[PDB]
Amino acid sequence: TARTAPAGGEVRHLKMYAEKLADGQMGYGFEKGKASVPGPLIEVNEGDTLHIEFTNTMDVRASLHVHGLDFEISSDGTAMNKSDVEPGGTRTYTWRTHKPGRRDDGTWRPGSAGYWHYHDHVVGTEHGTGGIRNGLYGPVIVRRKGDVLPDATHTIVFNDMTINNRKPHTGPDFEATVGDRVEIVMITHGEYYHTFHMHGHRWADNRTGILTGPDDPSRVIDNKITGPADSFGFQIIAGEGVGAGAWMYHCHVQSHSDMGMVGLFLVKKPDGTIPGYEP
């Protein structure tokens, strides 16, 4: 009954922009004037190739750098390799992915599938400390053939003392209906360690956050320590075994949650009601 990922690989083309935003932040977008923080999700299947035509519309040098995926040195997007982009410039980055498989020597090649991310490597400092602070980051998902696909995917980025660069105590909030298969991509950036926590839900601490069967010994968790550039993801069944509610998620570092690193996973009945909860 559950929707499943197909095999790659297709060659895919895509435009991407970096824009400085009116409030001082910086964001990526698939369309000029539609930059967001986090940047848009890129999802591919193992084997796919992605050619990203990237345009830097800003007054400063900027780049696109990615985790996990196969790229040649000319596409790591760092200053050292002159792989970043001049103001007003355009460059085509190529990301590639591969399936797992046996090497000639008999060992097993891992394969690209997982929850990754992309970000700037050049604004502010040669490690993109400025870019990253301002919002130049976004999620990437590489699916393995056979992976369980969600109804929806949300991205939660712990960037310094903010969630998704939002002001303290301003979410983001997410909504689902009891029974929705919800996917979270959880990314951390900046200076601090954090512990991501979801009330009422839990996942497996492995590649997919799901257990394929009774033989997987991965810890089942609802809390997880994370540091800069760490990424993981998982799927849950909204309100499974617990019912509808305004379920908090937050960083569990005590002063962080006290100072606003909090949001709500709003799980609704088919009638839209949530027990407790107003606003």
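Note that residue numbering follows the sequence shown and begins at 1.
Two stretches are in play, 202 to 210 and 166 to 174, and the higher mean C-alpha B-factor belongs to 166 to 174. The mean Cα B-factor in the deposited entry runs higher for 74 to 82 than for the other of 74 to 82 and 180 to 188.
Among all modelled residues in its chain, residue 240 ranks in the middle third by Cα B-factor. Ranked by C-alpha B-factor against the other modelled residues of its chain, residue 219 falls in the lowest third. Looking at the C-alpha B-factors along this chain, the one for residue 53 belongs to the middle third.
Looking at the C-alpha B-factors along this chain, the one for residue 67 belongs to the lowest third. Ranked against the other modelled residues of its chain, the C-alpha B-factor of residue 194 as given in the entry falls in the lowest third.
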